[PDB]
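Participant: My questions all concern the structure below.
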Amino acid sequence: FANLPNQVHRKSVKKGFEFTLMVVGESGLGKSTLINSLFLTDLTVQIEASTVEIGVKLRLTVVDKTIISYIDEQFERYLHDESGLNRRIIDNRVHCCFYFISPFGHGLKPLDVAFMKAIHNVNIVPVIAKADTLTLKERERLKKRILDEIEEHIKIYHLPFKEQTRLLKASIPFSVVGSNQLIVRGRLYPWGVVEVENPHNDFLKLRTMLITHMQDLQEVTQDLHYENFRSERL
Amino acid sequence: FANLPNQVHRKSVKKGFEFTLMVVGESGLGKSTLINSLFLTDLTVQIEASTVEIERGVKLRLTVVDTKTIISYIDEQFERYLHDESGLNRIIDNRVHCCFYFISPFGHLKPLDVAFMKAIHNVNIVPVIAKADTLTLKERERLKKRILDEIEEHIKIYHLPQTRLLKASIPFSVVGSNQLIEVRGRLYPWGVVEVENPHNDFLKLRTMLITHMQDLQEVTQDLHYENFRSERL
Ligand SMILES: Nc1nc2c(ncn2[C@@H]2O[C@H](COP(=O)(O)OP(=O)(O)O)[C@@H](O)[C@H]2O)c(=O)[nH]1
Ligand SMILES: Nc1nc2c(ncn2[C@@H]2O[C@H](COP(=O)(O)OP(=O)(O)O)[C@@H](O)[C@H]2O)c(=O)[nH]1
């Protein structure tokens, strides 16, 4: 039989992939420079699609109660296409959300909480924006106090060798730096060179967290859309 | 005859000397720590007045601002004085000699800021970009030019009268810390950021102020007179 996972695997490369991630934070603490760095190409609601090969369809919906509305509009178009006489169906259900928190804050701000309370029923990855601004000791205090406030209020993406993947689940929320310019890519200060893909900055754990977990497809599919389905169909 | 300048130089140290500075920006992009770095001591409207020696003692008052409430307070000081100046006996005047407005490195000049500065600048404004280590040097100057072009588009900032090099570097982009590593500065694992090095532009601002506490007269003649010429009418 063992040739049948093969069949699935051979099927997927032939066919696939698709994905749609959503970017909220605050204009501007490095969101469009970082989402560009993520995938090694460059690019009120505005949406942008583009393909990568190595085959991946990305719809990076950058958000430039209106957003509770769009992502939930998409639960509604898919409940529509399912039901549903002739089915082919293109799901632009947002697989993941990337909430950028700014490094100036003892803090996680009230807006950030207010928002995540509203949008935590899609998968949220909290990401600390522009971490070149943070000292190591400073980075640590911020990371812990964010996580602390999260259990104090907020469903988040509960994230599914061992020593290595423990470290990944630990360092969340990832602090990161983005840039298209390179000198090694590239933040040039007359005292030092900020170097993405090191930790230095948390860019590799996030980028690799995103790639290994594109079973966010399922989390979003089963947990969050069904609940809109159970909900409006009542 | 020209000890007479020495007669004035002596009287001034023996009395000297006292100043008040006002802080507005945005909690928190480094305003409370920078100002500590600047005088070398750690410290709705709130004021902290502390006394510093160096033979001259400076009576430094520091009125930090947290968030129409602000112009009210800066102006009350004008009316406290107009009452007091015009009173029968003679006054301890807390007019705001000068304000540092703190602009954030997270802008390609924000609209709260232009709107705020518009209303107020009849108080001397020092525009200072906060936490300057955030900006790479090309972003540092590119941002400086956008503000500097945006500032004139509307805004009276405080006009600064080898004073040659300071004129260009304003608005200042400062980097404040009260930790200390291998001389004040910050510890990143790729490099080390020095307070006071230009590199930082904290030094240019530091001396901009000590060298100019003729901000004292600017307030007294131009800003207060007009409150007075105005409120009298
Ligand atoms: N040091 C540092 N500088 C950054 C970082 N991200 C962006 N910058 C710089 O500041 C700008 C950030 O703007 P942008 O990428 O448009 O962020 P956005 O407004 O959220 O889309 C960039 O053009 C860079 O010049 C970062 O992570 N670290
Ligand atoms: N990158 C950078 N970070 C700073 C600088 N100065 C302070 N910080 C950090 O930001 C915090 C500033 O605190 P504070 O000065 O009280 O901010 P504020 O009072 O809200 O304006 C400190 O805890 C430092 O960790 C700076 O010059 N550059």
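Please read every residue number as a count from 1 along the shown chain.
Determined by X-ray crystallography, 3.4 Å, according to the entry header.
Backbone N, Cα and C define each Cβ position, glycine as well.
Sharing the feature lines straight out of Swiss-Prot:
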MOD_RES   B:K138  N6-acetyllysine
MOD_RES   B:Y158  phosphotyrosine
REGION    B:25-32  region 'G1 motif'
REGION    B:130-133  region 'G4 motif'
SITE      B:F106  site 'Important for dimerization'
Participant: How big is the gap, in Å, between the Cα of B:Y158 (phosphotyrosine) and that of B:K138 (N6-acetyllysine), rounded to a whole number?
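Facilitator: For B:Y158 (phosphotyrosine) versus B:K138 (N6-acetyllysine), the Cα atoms are 26 Å apart.
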Participant: Using the alpha carbons only, what distance in Å do you get between B:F106 (site 'Important for dimerization') and the residue listed as 'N6-acetyllysine' once rounded?
Facilitator: 15
Participant: With a gap of 15 unmodelled residues, how many angstrom separate the Cα of B:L43 from the Cα of B:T44?
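Facilitator: Both gap-flanking Cα atoms are 18 Å from one another.
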Participant: Looking at the ends of the gap, B:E182 and B:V183, with 5 residues missing, what is their Cα separation in Å?
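Facilitator: Cα-Cα distance across the unmodelled segment: 7 Å.
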Participant: Rank the recorded positions B:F106, B:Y158 by the number of other Cβ atoms within 10 Å of each Cβ and report the first-ranked residue.
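Facilitator: By the 10 Å Cβ neighbour count, B:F106 comes out on top.
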Participant: Including all protein chains displayed, how many Cβ atoms other than that of B:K138 (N6-acetyllysine) lie within 10 Å of its Cβ?
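Facilitator: A count of 10.
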Participant: Could you find out if DSSP has B:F106 (site 'Important for dimerization') as helix, strand or coil?
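Facilitator: The residue in question, B:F106 (site 'Important for dimerization'), is coil (DSSP, three-state).
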Participant: Report, as a whole number of Å, the distance between the Cα atoms of B:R90 and B:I91, which flank a stretch of 2 unmodelled residues in this deposited structure.
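Facilitator: Here the Cα-Cα span across the missing residues works out to 5 Å.
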